[PDB]
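Below: the structure, in structure tokens.
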Amino acid sequence: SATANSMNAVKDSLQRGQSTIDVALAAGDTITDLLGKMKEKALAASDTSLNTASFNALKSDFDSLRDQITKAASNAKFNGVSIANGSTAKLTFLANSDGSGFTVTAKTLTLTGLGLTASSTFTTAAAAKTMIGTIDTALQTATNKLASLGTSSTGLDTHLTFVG
Amino acid sequence: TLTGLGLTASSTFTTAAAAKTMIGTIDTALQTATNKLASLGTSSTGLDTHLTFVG
Amino acid sequence: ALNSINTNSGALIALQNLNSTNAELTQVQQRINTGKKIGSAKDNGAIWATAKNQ
Amino acid sequence: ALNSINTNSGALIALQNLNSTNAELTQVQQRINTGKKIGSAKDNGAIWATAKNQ
Amino acid sequence: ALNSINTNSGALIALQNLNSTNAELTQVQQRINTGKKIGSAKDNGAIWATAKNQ
Amino acid sequence: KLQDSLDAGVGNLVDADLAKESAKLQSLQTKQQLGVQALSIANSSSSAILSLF
Amino acid sequence: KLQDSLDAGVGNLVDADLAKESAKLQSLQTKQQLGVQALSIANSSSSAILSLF
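Residue numbers (the deposited numbering), protein chains in the order written: chain W, 56 to 219; chain C, 165 to 219; chain E, 2 to 55; chain S, 2 to 55; chain A, 2 to 55; chain L, 220 to 272; chain H, 220 to 272.
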């Protein structure tokens, strides 16, 4: 009977993990939209038929979107814990009454976790032509990270049904 | 404001040569004004996206 | 037991089956609302990621 | 909870999806009204500024 | 089954018949729009190729 | 044309077929009502024993 | 001619394609009605529990 009663804490832990991943996925929608817009900026800036003022305008938009990524990744927290802001390497949720864990690997969504830096930018059309492929890699790795978090959330839900 | 655009409350031209220079001055003023408004519009879109996330 | 007043195992199984039906209903409501069978990374991560990049 | 009377998490998600549809509808109404896909600095600041100067 | 709540075979057949009608409607819309009964290689490859060369 | 085909392909990947969801919705609502009724039948098993005492 | 080409270029940069917006408008109006219906279905979940009491 005591073993059966302690499963309530296991269920509470699994639901907490699902909430943490929900907040990370909400931040990831913002980040993937921002990365698609930045790819459009670098693609437009790589054209050499632009004059200097148009190129500078595209570069300024690119840098502002890059800062919004940092804002979105830093706010992806659920009651002080995060699986996506880079502050920890993994979270471990309860799997059974003995205290065995259900690990979820952290998927960093900050600029450094995406392969970028706080100073990433382009100053010439050739640098923008390179930034196209850089942002392509960043968007690809971000969607792979969010896909792993979604599979982890479905695994937590299936384990919660089994524990009940 | 006029000082934020690179102009002054007394900006004017008194000769054809001064007007020929003022052409480029006003060009710079319009360029910097459109860049400023573009940054404000990007900030407004960022506030809206953050409001959706907060909800 | 067979004629127990403390434990209703049949009610526990009936509750589990009702919860299964409620979860299916929640899934169908999400599909009707978004118009998507794969609306998030939770539905199918690989196809969701492919569709995002495309 | 699973059979809660205090919290309707499915209704919260349905409200979020309805708000998404309403925001898309507002965007399309602005395009029909102005005839512009980029009508202000809020739509796309760089292209809006380029078009203004031109 | 005959009185099943899990499987609606009649609804599956009705869905198939509605899809057939929708495909016919799409074909007629393409004909009205292009003015052509053979507008692409998908409609009839041999006659389309003959008409192209001519 | 390439942009239109990429958008139609995304729609093939993720869009729901709503005519099929309408059938699933109606049958699931009936199943939920029957499940509430079955749970109500299971709840009443203890009351049968009161007759013996 | 240069003035006309600058004005046509501004139009290429910012103008909407209204024939495409008409399709988006109709589909979005249908989506809004379905979203109201889905929210109405979600609102009614609590009423199912009243039957058990």
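Built from N, CA and C at the ideal position, the CB exists for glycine as well.
The Cβ of residue 235 of chain L sits closer than 9 Å to at least one Cβ of chain E. Taken through DSSP and simplified to helix, strand or coil, residue 189 of chain W comes out as helix. Distance from residue 164 of chain W to residue 131 of chain W at the Cβ level is roughly 7 Å; contact confirmed, criterion being Cβ atoms closer than 8 Å. Here the alpha carbons of residue 187 of chain W and residue 40 of chain S stand approximately 27 Å from one another.
Residue contact with chain E for residue 11 of chain S: present (Cβ-Cβ distance below 9 Å to some residue of chain E). Below 8 Å, enough C-beta pairs join the segment 23 to 35 of chain E and the segment 254 to 267 of chain H to call them touching: three or more. Annotation: the continuous alpha helix (DSSP H) that includes residue 114 of chain W extends over 107 to 129. Here DSSP, grouped into helix, strand and coil, assigns residue 198 of chain C to helix. Per the coordinates, the alpha-carbon of residue 117 of chain W lies some 48 Å from the alpha-carbon of residue 22 of chain A. One thing to note: residue 146 of chain W has its Cβ within 9 Å of the Cβ of residue 138 of chain W. Residue range 46 to 54 is occupied by the alpha helix (DSSP H) that includes residue 51 of chain A. Per DSSP, the beta-bridge partners of residue 156 of chain W are W:149.
About 6 Å separates the Cβ atoms of residue 42 of chain E and residue 204 of chain W, confirming a contact at the 8 Å cut-off. Going by DSSP, residue 167 of chain C is part of no alpha helix (DSSP H) at all; its letter is neither H nor E.
When rounded, the separation of the alpha-carbon atoms in residue 19 of chain S and residue 20 of chain E is 26 Å. Listed by position along chain E, the residues whose Cβ is nearer than 9 Å to that of residue 70 of chain W form an empty set, because the closest Cβ is around 14 Å away. DSSP places residue 67 of chain W within a helical segment (H, G or I) once states are collapsed to three. Residue 47 of chain S places its beta carbon 9 Å or farther from that of residue 264 of chain H. At a cut-off of 9 Å, the C-beta of residue 2 of chain S has no neighbouring C-beta in chain C.
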